[PDB]
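Enquirer: Below you will find the structure I want to go over with you.
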Amino acid sequence: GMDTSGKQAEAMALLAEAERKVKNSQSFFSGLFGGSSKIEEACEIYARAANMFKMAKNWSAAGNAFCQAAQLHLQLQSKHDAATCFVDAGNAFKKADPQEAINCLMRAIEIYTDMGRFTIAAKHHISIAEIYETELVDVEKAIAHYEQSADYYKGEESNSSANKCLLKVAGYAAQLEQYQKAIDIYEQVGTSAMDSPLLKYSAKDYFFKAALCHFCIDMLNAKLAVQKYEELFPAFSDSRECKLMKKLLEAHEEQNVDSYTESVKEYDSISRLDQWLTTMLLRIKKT
Amino acid sequence: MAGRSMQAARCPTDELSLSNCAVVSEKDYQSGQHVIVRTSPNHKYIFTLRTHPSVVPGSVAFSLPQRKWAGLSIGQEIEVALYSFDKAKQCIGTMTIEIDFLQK
């Protein structure tokens, strides 16, 4: 419609006017020492142009304008506004081209952590990890970012949020065929959540995962593991997971693949299985 | 003689599993010796040593029946001490065993 062409033309004209203003700013400063009024006004034009490009659905132009404004205002010794503009540019980049958003968010994180504002740095690290996860399958960088964010959250004494980051880290680590970290994280989270009033009802679930992640190593250490949990949390015996584990162990003890498969089918029929659980059960079945 | 720490392991072969002898390395003990294994302050079991070149030093290898009876895990540390039977009170003359097929 008219919006595309009209917004593009008006934004281009305004940006060209801003370019002329910044070009004349040096001459003005040299001839009269006007100060920073010209530079601040040019930054205002750049911000307005970036916003207009954002409304015009042209993400790249908005990101470029945000970067220009951020750089100019950082030259003015204002690190806070520079970080804000860089965050906007990174979002536009994550909304236009993500690779640039990675470095923009890294710079914003550095600026913020320079002052000791750890919560914002942790949130930005989580955002970067999410960016890595969505497009690429480079799990290692996501694990590093999640570990950094969880460490920051733990250092801020903000519990119930680092737990989720550690759960994500353990779940992704269990995918790479490295089970020790997953077992440790799962057991720690389960024992921590056992005592909470609200979280108590979920605790059981965590244990089950560990048991599955404990079954690949060797069957002997899985059986015993179950015992260690049941004595500590007797109510675990009530959940369906214990019965399923016992039936699977009995089926496997005699190479009875068919009984194991039938029990898995029945449990899936009652409640649909997750891709993670499906993959892990398939891996266990290979033996 | 006071006992030494050692790591549990799996039997390198199948034939050795059929003799009820703790499969060990030649660099630690010698075949024919008997040892007492300790895991808890109230569990004291006994095994027959049998050296084999394929056993890594610092570990004993146990068969599936042996591990099941002893409730041992592959990796846990144990305290093994030499045990020399005195041929004056434990020389078997008449013994009885309950025998049943292993595999179902």
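Each residue's number is its place along the chain shown, starting with 1.
If you're wondering, the header gives electron microscopy, 3.6 Å.
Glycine too: its Cβ is placed from the backbone N, Cα and C atoms.
Annotations for this protein, taken from Swiss-Prot, read as follows:
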| type | residues | note |
| --- | --- | --- |
| MOD_RES | A:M2 | N-acetylmethionine |
| MOD_RES | A:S27 | phosphoserine |
| MOD_RES | A:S30 | phosphoserine |
| MOD_RES | A:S196 | phosphoserine |
Enquirer: Any idea what DSSP makes of A:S27 (phosphoserine), helix, strand or coil?
Expert: helix
Enquirer: Quick check: of the modified residues listed here (A:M2, A:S27, A:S30), which one has the Cα closest to that of A:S196 (phosphoserine)?
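Expert: Result: the closest of the modified residues to A:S196 (phosphoserine) is A:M2.
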Enquirer: Between A:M2 (N-acetylmethionine) and A:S27 (phosphoserine), how far is it from one CA atom to the other, in Å?
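Expert: Here the two Cα atoms are 38 Å apart.
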Enquirer: Would you find the one among the modified residues A:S27, A:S30, A:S196 whose Cβ has the most company, meaning other Cβ atoms within 10 Å?
Expert: A:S196
